[PDB]
Amino acid sequence: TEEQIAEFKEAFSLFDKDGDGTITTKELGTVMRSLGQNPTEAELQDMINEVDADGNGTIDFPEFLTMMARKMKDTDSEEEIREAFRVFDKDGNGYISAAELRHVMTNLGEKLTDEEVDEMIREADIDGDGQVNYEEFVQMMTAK
Amino acid sequence: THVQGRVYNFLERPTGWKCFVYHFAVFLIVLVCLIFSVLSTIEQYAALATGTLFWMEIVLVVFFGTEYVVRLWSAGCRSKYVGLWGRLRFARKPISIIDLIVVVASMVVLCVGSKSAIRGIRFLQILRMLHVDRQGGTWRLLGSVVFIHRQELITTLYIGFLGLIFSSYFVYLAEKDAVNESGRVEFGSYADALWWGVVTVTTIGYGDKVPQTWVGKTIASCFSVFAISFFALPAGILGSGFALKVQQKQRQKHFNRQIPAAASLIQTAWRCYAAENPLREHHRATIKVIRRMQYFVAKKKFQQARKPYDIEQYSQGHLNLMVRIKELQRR
Amino acid sequence: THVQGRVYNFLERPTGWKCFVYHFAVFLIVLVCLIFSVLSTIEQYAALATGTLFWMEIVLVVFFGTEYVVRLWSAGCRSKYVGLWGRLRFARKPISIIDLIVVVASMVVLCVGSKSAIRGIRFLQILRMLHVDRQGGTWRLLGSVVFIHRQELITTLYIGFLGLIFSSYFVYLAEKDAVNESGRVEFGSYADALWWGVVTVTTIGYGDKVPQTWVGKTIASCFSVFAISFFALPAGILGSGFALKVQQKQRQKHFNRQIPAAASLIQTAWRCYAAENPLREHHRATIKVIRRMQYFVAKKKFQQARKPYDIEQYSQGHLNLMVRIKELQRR
Amino acid sequence: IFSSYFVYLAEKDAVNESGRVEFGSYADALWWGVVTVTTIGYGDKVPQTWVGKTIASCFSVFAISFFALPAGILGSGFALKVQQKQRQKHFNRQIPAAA
Amino acid sequence: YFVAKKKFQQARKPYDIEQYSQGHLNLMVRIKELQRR
Amino acid sequence: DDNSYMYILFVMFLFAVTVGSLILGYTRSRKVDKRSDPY
Amino acid sequence: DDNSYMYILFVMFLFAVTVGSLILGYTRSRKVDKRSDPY
Ligand SMILES: [Ca+2]
Ligand SMILES: [Ca+2]
């Protein structure tokens, strides 16, 4: 962890286009739009509402470091993703077919690209059958 | 296409703080009009209903005669019907069959009265209360709660109507020739004794007809208790049935909220793993920030999609059971 | 600060066996006063209400005029409002807006009558029943049970009022010109036929207006059954809704008891493990007695915090399920 | 108590169709209140002035509901206590056959 | 056999008041996934 | 019929409160998607 | 109006029993902590 705690702060204040210790939530709506997102101001104010645990909106990483210091791979956020398959499960066992996973992948929430969702179920359907099991996916999401 | 669809969403199935105004205000105008119409029969306040009320009715049918055509022209924004031949099945919707009858029949009555005439305006001014409650969201509740409970309703109406047909005949046999305290005979025919049966089986008790002979009072007592119960039954039946259907809509309305927030987590966690491969380098230096940033927003939305349940203390049969399996599962 | 806070807890949100006396006794005095006030209109018992009743009213407004100022001065023991400018939002509490209206309006009416006058004392003596039921703990129940059940209430009141507006117009068309048995016409206007509609839709059946023509009796029969059901509906609806909210307060009131007895066990078990390090030796020889002594009292309190549940036989879906997981967990 | 006082203020001096005054005192207007709040509707006293009929309508609906409430309340409460005796009466049968 | 398989899944999935799984939503799955381990 | 306008006004006003509550409920509604629930 | 005091006394006395039961319930209450439940 000693080799990443220095150069990350170069990207932390990179959105403000200056040297100030600011996460720049007002300028994040221009930085992400320059990247090609262009969100609304309601979702933009919702970003640092839970990302920045301080509460101001622009920070010298109390929680911008803690956002990096949350690996999202241990057993505290591995069952919450495993519950997201359970909302789609019918008749138990994690039955989810490639057709049903493509049906739910390109339709709801924040949709993926077709070049992403076409190959997303590829490593989770190595047997080629009609059941993309959740345990074969969270094992791929174990390093996420 | 934008305009037509906007006008559809505005006139039918409407939403937004101004559509409310429009619709409820048209309804309040209908209500003022019907109030003045029913005050035109008091024989002492009849001077208030002058001819300006009639011209306020003809401008009202002028308004509705283009309102129906606006809602007809703005109907082609629907997958169920398109064009002009398809839109006839939009006019099978019985609120529109009611509305067409209202506007054309009130126009026809206003034409012949301008070249018992004013009396027909009262019925076709009462009918305009029904057509501003859109979507039929009230009758769909009742027509399904009655259909779910068809067995008990048919049973108790059959038993109550059998008790009414039977025991309001024995009263007529006990009271066929007996006069009142004022010189008239109450139970003259069977229909008088049956008017009595309906009236006393629903516990009205007007008091025009009371059985005078002491044989008939006993039968009235027996049939009173033993059919007042079976006619007071459907109140409790539909009272359970209405409070059980709205709780069966606040299950699926929460389950319709849970699914896009159980999609926005998995579709974003795959995005957070796809950091290997989506100057082309510093553009990828910024996306690792946003794929970790919005993932936490999706994580908050998913925990706000299941923890607020609705009657929110329904975990009172499975308090320790949701934890007593997981701690066993960790071993 | 002690005194002001004590006086607040005593006059508002009161507790203790003597506060009961004070409040209920003020209420019983109000009740005797209102009884004598309503007996002052019988025209035969009017001699009992002499001028000493009026002076018992002016000493009553003397008592309330300092009672309100005592509760105003004892309001600064609250985190919601302090001082003098903050205490104005204490006077936004509508029981206090009712009380201020009562004391000042009754004082104003007593001043002008001492230098239709006595009639105004009856209304501002009925109003003093409401202001001694403190905390508003009854209206908060009803205003939430109606809000939870807004859909079914709005639905059945809309259907019942539509049936009342519609079918009490057909009776007037069937009975516009028909005389009674005593020479008068009952359904003269629409308002007479609507008085009839409300009266017969709530199953009163006074008997002043009964439809005489045999067309109107059929409509009265149909509308009688098919709207008596929809007006008897809200009794069952609010009857479920009131018994489901008090059971949703006896969940959280038991869960507020469980938490300090699930704290007093863990905070004492850590104390029982901390025997290594808190003449300084024989003082530590005594603490090992007390840290084992009070731990068993906390253990008894925690088992008394979950075993008495409340309707205490609610384990009748999960009888063997609480044990069939634990014996599996021991293997 | 409240709305059967406004009727008496609206009907303190008004005669019947037969020459008598119905709402003479407050007790007559309260007899009326109890009678019309429990949906009896005898018909001896009906408010004649058109102010009082409106108050009778309002108080009729908005208190007939709150007086018809305890029927449903005790109807749930009686059928929930006999089912709480047919639990323990079966549990008193289970113990000597589990002994 | 596949017709019988369709009939058996149509004999339990349409229940009837069909939302009566609202006390045991996760409990029918939280035992089976434990049973697979 | 001295104050006989009052009855008509009152009954029609209760009906108006109920219908207005219905319209508020339908407008303050969230979505109108007909067939998108179980998919 | 021979025994007409009786009606007034009886109705007011039933109201008194109900209000007295309400006051007993609020006094025999246990605590008045407004916001300390879910913390
Ligand atoms: Ca900044
Ligand atoms: Ca901050």
# chains A, B, ... in the order shown; residues from 1 in each chain; ligands from 1

call {"tool": "calpha_fit_and_write", "arguments": {"fixed": "chain G", "moving": "chain F", "output": "short mmCIF file (atom, residue, chain, number, x, y, z; two decimals) with C-alpha atoms, in the first residue's frame"}}
result
data_model
loop_
_atom_site.label_atom_id
_atom_site.label_comp_id
_atom_site.auth_asym_id
_atom_site.auth_seq_id
_atom_site.Cartn_x
_atom_site.Cartn_y
_atom_site.Cartn_z
CA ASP F 1 -89.42 17.36 31.24
CA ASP F 2 -90.05 15.56 34.52
CA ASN F 3 -86.82 13.56 34.99
CA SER F 4 -84.96 15.28 32.16
CA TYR F 5 -81.79 15.90 34.20
CA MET F 6 -81.10 12.17 33.98
CA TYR F 7 -80.29 12.11 30.22
CA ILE F 8 -77.74 14.95 30.46
CA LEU F 9 -76.12 13.47 33.58
CA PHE F 10 -75.85 9.94 32.00
CA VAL F 11 -74.35 11.02 28.64
CA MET F 12 -71.87 13.37 30.35
CA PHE F 13 -70.92 10.52 32.82
CA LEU F 14 -70.19 8.03 30.00
CA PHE F 15 -68.01 10.70 28.38
CA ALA F 16 -66.28 11.16 31.79
CA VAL F 17 -65.55 7.42 32.19
CA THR F 18 -63.98 7.39 28.66
CA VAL F 19 -61.83 10.54 29.20
CA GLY F 20 -60.75 9.28 32.67
CA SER F 21 -59.63 5.99 31.13
CA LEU F 22 -57.62 8.01 28.53
CA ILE F 23 -55.94 10.09 31.34
CA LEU F 24 -55.15 6.93 33.41
CA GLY F 25 -53.55 5.41 30.30
CA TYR F 26 -51.41 8.49 29.66
CA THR F 27 -50.32 8.86 33.33
CA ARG F 28 -49.76 5.19 33.98
CA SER F 29 -47.51 5.48 30.93
CA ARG F 30 -43.88 4.51 31.38
CA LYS F 31 -41.67 7.01 29.56
CA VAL F 32 -41.95 10.14 27.43
CA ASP F 33 -38.63 10.07 25.54
CA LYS F 34 -39.46 11.40 22.08
CA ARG F 35 -36.42 10.50 19.94
CA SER F 36 -34.48 7.72 21.66
CA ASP F 37 -36.01 4.60 20.09
CA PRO F 38 -33.86 3.51 17.09
CA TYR F 39 -30.53 4.87 18.37
#

call {"tool": "select_by_dssp", "arguments": {"residues": "region 83-316 of chain B", "states": "helix (DSSP H, G or I)", "output": "PyMOL selection string"}}
result
chain B and resi 86-88+90-92+94-112+120-129+139-148+150-174+190-201+214-245+249-263+266-273+283-303

call {"tool": "residues_near_ligand", "arguments": {"ligand": "ligand 1", "cutoff": "6 Å", "atoms": "only C-alpha atoms and all ligand atoms", "output": "list in words"}}
result
residues 22, 24 and 58 of chain A

call {"tool": "write_last_selection", "arguments": {"atoms": "C-alpha atoms", "output": "PDB file, in the first residue's frame"}}
result
ATOM      1  CA  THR A  22     -10.603  19.659  -3.531  1.00  0.00           C
ATOM      2  CA  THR A  24     -14.395  19.336  -6.972  1.00  0.00           C
ATOM      3  CA  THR A  58     -14.678  18.614  -1.998  1.00  0.00           C
TER       4      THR A  58
END

call {"tool": "interface_residues", "arguments": {"of": "chain A", "to": "chain E", "cutoff": "10 Å", "atoms": "only C-alpha atoms", "output": "CSV table (one decimal) with N, CA, C and O atoms, in the first residue's frame"}}
result
chain,number,residue,atom,x,y,z
A,83,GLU,N,-26.9,-11.3,-3.3
A,83,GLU,CA,-28.3,-11.1,-3.2
A,83,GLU,C,-28.9,-10.5,-4.5
A,83,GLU,O,-30.1,-10.7,-4.7
A,86,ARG,N,-30.2,-13.2,-6.5
A,86,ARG,CA,-31.3,-13.9,-5.9
A,86,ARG,C,-32.6,-13.2,-6.2
A,86,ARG,O,-33.7,-13.8,-6.0
A,87,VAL,N,-32.6,-11.9,-6.6
A,87,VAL,CA,-33.8,-11.2,-7.1
A,87,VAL,C,-34.2,-11.8,-8.4
A,87,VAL,O,-35.4,-11.8,-8.8
A,89,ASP,N,-33.5,-15.0,-9.4
A,89,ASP,CA,-33.6,-16.5,-9.4
A,89,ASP,C,-35.0,-17.0,-9.4
A,89,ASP,O,-35.9,-16.5,-8.7
A,91,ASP,N,-37.0,-20.8,-9.4
A,91,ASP,CA,-37.0,-22.2,-9.0
A,91,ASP,C,-35.6,-22.6,-8.5
A,91,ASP,O,-35.2,-23.7,-8.7
A,92,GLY,N,-34.9,-21.7,-7.8
A,92,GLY,CA,-33.7,-22.0,-7.1
A,92,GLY,C,-32.5,-22.3,-8.0
A,92,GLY,O,-32.6,-22.1,-9.2
A,93,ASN,N,-31.4,-22.7,-7.4
A,93,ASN,CA,-30.2,-23.2,-8.0
A,93,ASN,C,-29.4,-22.1,-8.8
A,93,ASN,O,-28.3,-22.5,-9.2
A,94,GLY,N,-29.8,-20.9,-8.9
A,94,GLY,CA,-29.2,-20.0,-9.8
A,94,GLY,C,-29.3,-20.4,-11.2
A,94,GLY,O,-28.3,-20.7,-11.9

call {"tool": "residues_near_ligand", "arguments": {"ligand": "ligand 2", "cutoff": "9 Å", "atoms": "only C-alpha atoms and all ligand atoms", "output": "PyMOL selection string"}}
result
chain A and resi 23+48+52-63

call {"tool": "interface_residues", "arguments": {"of": "chain D", "to": "chain F", "cutoff": "7 Å", "atoms": "only C-alpha atoms", "output": "list in words"}}
result
residues 49, 50, 51, 53 and 54 of chain D

call {"tool": "atom_distance", "arguments": {"atom1": "CA of residue 7 (chain A)", "atom2": "CA of residue 51 (chain A)"}}
result
20.1 Å

call {"tool": "closest_residue", "arguments": {"among": "A:16, A:67, A:3, A:116", "to": "residue 47 (chain A)", "atoms": "only C-alpha atoms"}}
result
A:67

call {"tool": "residues_around", "arguments": {"residues": "region 69-79 of chain C", "least_positions_apart": "3", "cutoff": "10 Å", "atoms": "only C-alpha atoms", "output": "ChimeraX atom specification"}}
result
/C:1-12,64-66,82-84,86-88,90-91,96

call {"tool": "interface_residues", "arguments": {"of": "chain C", "to": "chain G", "cutoff": "6 Å", "atoms": "only C-alpha atoms", "output": "MDAnalysis selection string"}}
result
chainID C and resid 14:15 20

call {"tool": "write_last_selection", "arguments": {"atoms": "N, CA and C atoms", "output": "PDB file, in the first residue's frame"}}
result
ATOM      1  N   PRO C  14     -47.818  14.320  31.595  1.00  0.00           N
ATOM      2  CA  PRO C  14     -47.629  14.095  33.028  1.00  0.00           C
ATOM      3  C   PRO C  14     -47.554  12.619  33.392  1.00  0.00           C
ATOM      4  N   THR C  15     -46.972  12.369  34.561  1.00  0.00           N
ATOM      5  CA  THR C  15     -46.753  11.013  35.036  1.00  0.00           C
ATOM      6  C   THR C  15     -46.761  11.021  36.556  1.00  0.00           C
ATOM      7  N   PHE C  20     -52.255  12.423  37.732  1.00  0.00           N
ATOM      8  CA  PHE C  20     -53.573  11.887  37.302  1.00  0.00           C
ATOM      9  C   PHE C  20     -54.640  12.660  38.032  1.00  0.00           C
TER      10      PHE C  20
END

call {"tool": "residues_around", "arguments": {"residues": "residue 41 (chain B)", "least_positions_apart": "6", "cutoff": "12 Å", "atoms": "only C-alpha atoms", "output": "short mmCIF file (atom, residue, chain, number, x, y, z; two decimals) with N, CA, C and O atoms, in the first residue's frame"}}
result
data_model
loop_
_atom_site.label_atom_id
_atom_site.label_comp_id
_atom_site.auth_asym_id
_atom_site.auth_seq_id
_atom_site.Cartn_x
_atom_site.Cartn_y
_atom_site.Cartn_z
N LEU B 34 -73.51 21.48 -11.55
CA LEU B 34 -74.57 20.54 -11.09
C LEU B 34 -75.25 21.12 -9.84
O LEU B 34 -76.46 20.93 -9.71
N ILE B 35 -74.50 21.81 -8.97
CA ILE B 35 -75.10 22.46 -7.77
C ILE B 35 -76.16 23.47 -8.24
O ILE B 35 -77.30 23.42 -7.73
N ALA B 47 -84.87 31.61 -9.08
CA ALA B 47 -84.51 32.84 -9.79
C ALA B 47 -83.03 32.93 -10.10
O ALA B 47 -82.64 33.69 -11.00
N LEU B 48 -82.19 32.18 -9.39
CA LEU B 48 -80.74 32.26 -9.60
C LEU B 48 -80.33 31.63 -10.92
O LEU B 48 -79.36 32.05 -11.54
N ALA B 49 -81.07 30.61 -11.37
CA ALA B 49 -80.73 29.88 -12.59
C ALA B 49 -81.33 30.61 -13.79
O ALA B 49 -82.39 30.25 -14.31
N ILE B 118 -85.39 21.55 -20.24
CA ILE B 118 -84.31 21.86 -19.31
C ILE B 118 -84.08 20.71 -18.33
O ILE B 118 -83.03 20.64 -17.69
N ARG B 119 -85.05 19.79 -18.21
CA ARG B 119 -84.92 18.69 -17.26
C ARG B 119 -83.87 17.68 -17.70
O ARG B 119 -83.21 17.06 -16.85
N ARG B 122 -80.17 18.01 -16.44
CA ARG B 122 -79.77 17.56 -15.11
C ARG B 122 -79.11 16.19 -15.13
O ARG B 122 -78.09 15.98 -14.46
N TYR C 169 -81.44 11.24 -7.66
CA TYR C 169 -82.02 12.09 -8.68
C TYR C 169 -83.14 11.39 -9.43
O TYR C 169 -84.12 12.03 -9.80
N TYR C 172 -86.28 11.68 -7.36
CA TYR C 172 -86.91 12.99 -7.54
C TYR C 172 -87.64 13.08 -8.87
O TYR C 172 -88.70 13.70 -8.95
N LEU C 173 -87.10 12.46 -9.92
CA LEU C 173 -87.83 12.41 -11.18
C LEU C 173 -89.05 11.51 -11.10
O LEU C 173 -90.03 11.76 -11.81
N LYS C 176 -91.64 13.83 -8.27
CA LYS C 176 -91.60 15.29 -8.25
C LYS C 176 -92.96 15.89 -7.88
O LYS C 176 -93.00 16.91 -7.19
N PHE C 187 -91.13 15.04 -1.73
CA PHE C 187 -89.98 15.30 -2.60
C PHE C 187 -90.27 16.52 -3.47
O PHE C 187 -90.48 16.44 -4.68
N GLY C 188 -90.27 17.67 -2.81
CA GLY C 188 -90.59 18.91 -3.50
C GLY C 188 -89.45 19.38 -4.38
O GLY C 188 -89.66 19.72 -5.54
N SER C 189 -88.25 19.40 -3.83
CA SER C 189 -87.08 19.89 -4.53
C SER C 189 -86.08 18.75 -4.67
O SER C 189 -86.37 17.60 -4.35
N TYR C 190 -84.89 19.08 -5.17
CA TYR C 190 -83.82 18.09 -5.19
C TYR C 190 -83.20 17.92 -3.82
O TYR C 190 -82.74 16.83 -3.48
N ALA C 191 -83.16 19.00 -3.03
CA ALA C 191 -82.54 18.93 -1.71
C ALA C 191 -83.31 18.03 -0.76
O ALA C 191 -82.71 17.38 0.09
N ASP C 192 -84.64 17.98 -0.90
CA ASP C 192 -85.43 17.04 -0.12
C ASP C 192 -85.10 15.61 -0.51
O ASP C 192 -84.91 14.75 0.36
N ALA C 193 -84.96 15.35 -1.81
CA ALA C 193 -84.61 14.01 -2.26
C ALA C 193 -83.17 13.64 -1.94
O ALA C 193 -82.85 12.46 -1.93
N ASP F 1 -88.26 26.01 2.89
CA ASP F 1 -86.88 25.92 2.42
C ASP F 1 -86.19 27.26 2.68
O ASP F 1 -86.00 28.07 1.78
N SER F 4 -82.14 26.03 2.62
CA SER F 4 -82.04 24.76 1.92
C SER F 4 -80.94 24.73 0.87
O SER F 4 -80.76 23.69 0.22
N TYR F 5 -80.14 25.77 0.72
CA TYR F 5 -79.01 25.65 -0.23
C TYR F 5 -77.93 24.88 0.49
O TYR F 5 -77.16 24.11 -0.15
N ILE F 8 -77.50 20.95 -0.18
CA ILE F 8 -76.92 20.62 -1.51
C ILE F 8 -75.43 20.97 -1.44
O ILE F 8 -74.59 20.07 -1.68
#

call {"tool": "interface_residues", "arguments": {"of": "chain B", "to": "chain D", "cutoff": "10 Å", "atoms": "only C-alpha atoms", "output": "list in words"}}
result
residues 203, 204, 205, 206, 207 and 236 of chain B

call {"tool": "interface_residues", "arguments": {"of": "chain A", "to": "chain F", "cutoff": "10 Å", "atoms": "only C-alpha atoms", "output": "ChimeraX atom specification"}}
result
/A:100,103-104,107-108

call {"tool": "residues_around", "arguments": {"residues": "residue 77 (chain D)", "least_positions_apart": "6", "cutoff": "12 Å", "atoms": "only C-alpha atoms", "output": "PyMOL selection string"}}
result
(chain C and resi 239-240+243-244+311) or (chain D and resi 70-71+83-84)

call {"tool": "atom_distance", "arguments": {"atom1": "CA of residue 102 (chain C)", "atom2": "CA of residue 132 (chain C)"}}
result
11.9 Å

call {"tool": "closest_atom_pairs", "arguments": {"of": "chain E", "to": "chain B", "cutoff": "9 Å", "atoms": "only C-alpha atoms", "output": "tab-separated table"}}
result
residue	atom	partner	partner_atom	distance
E:17	CA	B:248	CA	7.7
E:18	CA	B:248	CA	8.8
E:19	CA	B:248	CA	6.8
E:22	CA	B:251	CA	8.4
E:23	CA	B:318	CA	7.3
E:24	CA	B:318	CA	8.2
E:26	CA	B:322	CA	8.1
E:27	CA	B:322	CA	7.4
E:30	CA	B:325	CA	7.1
E:31	CA	B:325	CA	7.3
E:33	CA	B:329	CA	9.0
E:34	CA	B:329	CA	5.9
E:37	CA	B:329	CA	8.6

call {"tool": "closest_residue", "arguments": {"among": "A:126, A:68, A:120, A:84", "to": "residue 293 (chain B)", "atoms": "only C-alpha atoms"}}
result
A:68

call {"tool": "atom_distance", "arguments": {"atom1": "CA of residue 128 (chain B)", "atom2": "CA of residue 98 (chain B)"}}
result
8.9 Å

call {"tool": "interface_residues", "arguments": {"of": "chain B", "to": "chain A", "cutoff": "9 Å", "atoms": "only C-alpha atoms", "output": "MDAnalysis selection string"}}
result
chainID B and resid 258:274 278 283 285:287 289:290 292:294 296:297 299:300 302:303

call {"tool": "write_last_selection", "arguments": {"atoms": "C-alpha atoms", "output": "mmCIF file, in the first residue's frame"}}
result
data_model
loop_
_atom_site.group_PDB
_atom_site.id
_atom_site.type_symbol
_atom_site.label_atom_id
_atom_site.label_comp_id
_atom_site.auth_asym_id
_atom_site.auth_seq_id
_atom_site.Cartn_x
_atom_site.Cartn_y
_atom_site.Cartn_z
ATOM 1 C CA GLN B 258 -36.225 -3.577 -6.085
ATOM 2 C CA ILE B 259 -35.385 -4.902 -9.580
ATOM 3 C CA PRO B 260 -33.702 -1.815 -11.205
ATOM 4 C CA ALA B 261 -31.665 -1.342 -8.021
ATOM 5 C CA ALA B 262 -30.721 -5.030 -8.133
ATOM 6 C CA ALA B 263 -29.709 -4.446 -11.746
ATOM 7 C CA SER B 264 -27.748 -1.229 -11.136
ATOM 8 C CA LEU B 265 -25.437 -3.114 -8.729
ATOM 9 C CA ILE B 266 -24.522 -6.145 -10.863
ATOM 10 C CA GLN B 267 -24.188 -4.115 -14.098
ATOM 11 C CA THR B 268 -21.873 -1.723 -12.228
ATOM 12 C CA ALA B 269 -19.866 -4.435 -10.459
ATOM 13 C CA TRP B 270 -19.072 -5.975 -13.853
ATOM 14 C CA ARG B 271 -17.986 -2.480 -14.920
ATOM 15 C CA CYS B 272 -15.783 -2.254 -11.827
ATOM 16 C CA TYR B 273 -14.117 -5.550 -12.685
ATOM 17 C CA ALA B 274 -13.623 -4.506 -16.332
ATOM 18 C CA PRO B 278 -12.607 -1.237 -22.119
ATOM 19 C CA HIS B 283 -8.267 8.489 -20.467
ATOM 20 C CA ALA B 285 -6.693 6.751 -15.676
ATOM 21 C CA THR B 286 -9.952 8.610 -15.021
ATOM 22 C CA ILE B 287 -12.459 5.767 -15.490
ATOM 23 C CA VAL B 289 -12.362 6.785 -10.351
ATOM 24 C CA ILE B 290 -15.897 6.809 -11.740
ATOM 25 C CA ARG B 292 -15.632 3.001 -8.054
ATOM 26 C CA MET B 293 -17.595 6.227 -7.486
ATOM 27 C CA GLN B 294 -20.999 5.295 -8.920
ATOM 28 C CA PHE B 296 -21.189 3.091 -4.027
ATOM 29 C CA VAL B 297 -24.260 5.069 -5.143
ATOM 30 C CA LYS B 299 -24.786 0.083 -3.321
ATOM 31 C CA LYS B 300 -26.727 2.708 -1.358
ATOM 32 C CA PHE B 302 -29.799 -1.399 -3.372
ATOM 33 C CA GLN B 303 -29.793 -1.187 0.430
#

call {"tool": "closest_residue", "arguments": {"among": "B:103, B:113, B:31, B:164", "to": "residue 129 (chain B)", "atoms": "only C-alpha atoms"}}
result
B:31
